[PDB]
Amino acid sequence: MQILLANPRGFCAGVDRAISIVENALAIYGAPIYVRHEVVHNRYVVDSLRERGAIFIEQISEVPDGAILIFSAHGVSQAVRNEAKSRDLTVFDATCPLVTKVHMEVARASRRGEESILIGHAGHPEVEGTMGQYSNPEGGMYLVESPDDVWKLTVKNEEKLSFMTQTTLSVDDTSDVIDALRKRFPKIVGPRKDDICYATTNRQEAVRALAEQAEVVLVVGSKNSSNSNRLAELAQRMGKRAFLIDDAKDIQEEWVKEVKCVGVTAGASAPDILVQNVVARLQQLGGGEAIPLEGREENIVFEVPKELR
């Protein structure tokens, strides 16, 4: 059995920064360090940081006065930022810069009172944080997930309308949604393509190349990772069996029995150790040396705030 490894895979620049923000805060200030939401949607990273003294909360009212608070990579609404601001907290912001970029545009549209449409998945913390940048009652902020959503949306003034996207979407599905928006609202303004980040685009492109070669694709990542789920979905849509797994213990032998070629990748929030252990388990089930596929080079790094070292 040939084990193939997707390239690029695993940590992106935002996730490396965000985890380093929490670890450095723990090292500089000691436990506890409060984090609003899982810093990244990975169970291994999250359990790890919990055992080291980070406490993960959903609301600022869970956080004691005087505490250090870090916002997760996904970002936070103005309401949350202000509730934190109004309380007695030292705040470090681990929001990915590439999320912050979208935030600034929704804020712009809000200040103008011009309506904005977000493409994204209801209930995801990044969507809550992005929708949460708009506050002007004179305009409006709308969520669409699909072409059918666009087909039913009415806005107040379609001569002044813009759109933004969640950073972790399916590149192909988002393209359908944008085509629908431009047909329904011919004057809508957006970025040249979308707000899907470099890391989501690359890892999708990588998993397409993997799925071309592999009968079975394992995507290392947690159930609540949006970008990880998009990798598994892409492979499955190409007619390959695909599984999203937290770690090597999730592997069922039937998945790989009599399979000549298995592919492995990882979501942007999955550490490389998890992938090494998955390969190790596939080697127990008959795999050889893991072969990495050639991939698009990534060279972006995002530094932690100077205050955190």
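Sequential numbering from 1, following the sequence displayed.
| task | Could you settle it for me: does 165-173 or 212-220 have the higher average Cα B factor in the PDB entry? | result | Comparing 165-173 with 212-220, the higher mean C-alpha B-factor belongs to 212-220.
| Of 190-198 and 235-243, which one has the bigger average CA B-factor? | It is 235-243.
| Highest recorded Cα temperature factor - choice among 95, 133, 225, 90 | Among 95, 133, 225, 90, the PDB entry lists the largest C-alpha B-factor for 90.
| task | Compare the CA B factors listed in the entry for 42, 265, 276, 284 and report the winner. | result | Checking the PDB record, the top C-alpha B-factor among 42, 265, 276, 284 is at 284.
| query | In terms of the CA temperature factor given in the entry, to which third of its chain does residue 108 belong: lowest, middle or highest? | reply | CA B-factor rank for residue 108: highest third.
| request: Please rank the C-alpha B-factors of the chain's modelled residues and tell me whether residue 184 sits in the lowest, middle or highest third. | output: Within its chain, residue 184 is a middle-third residue by C-alpha B-factor, going by the deposited values.
| message | How does the C-alpha B factor of residue 289 compare with the rest of the chain: lowest, middle or highest third? | response | It falls in the top third of the chain.
| message | Among the modelled residues of this chain, does the Cα B factor of residue 147 put it in the lowest, middle or highest third? | response | Within its chain, residue 147 is a middle-third residue by C-alpha B-factor, going by the deposited values.
| said: Please place residue 65 in the lowest, middle or highest third of its chain according to the CA B-factor in the PDB entry. | reply: CA B-factor rank for residue 65: highest third.
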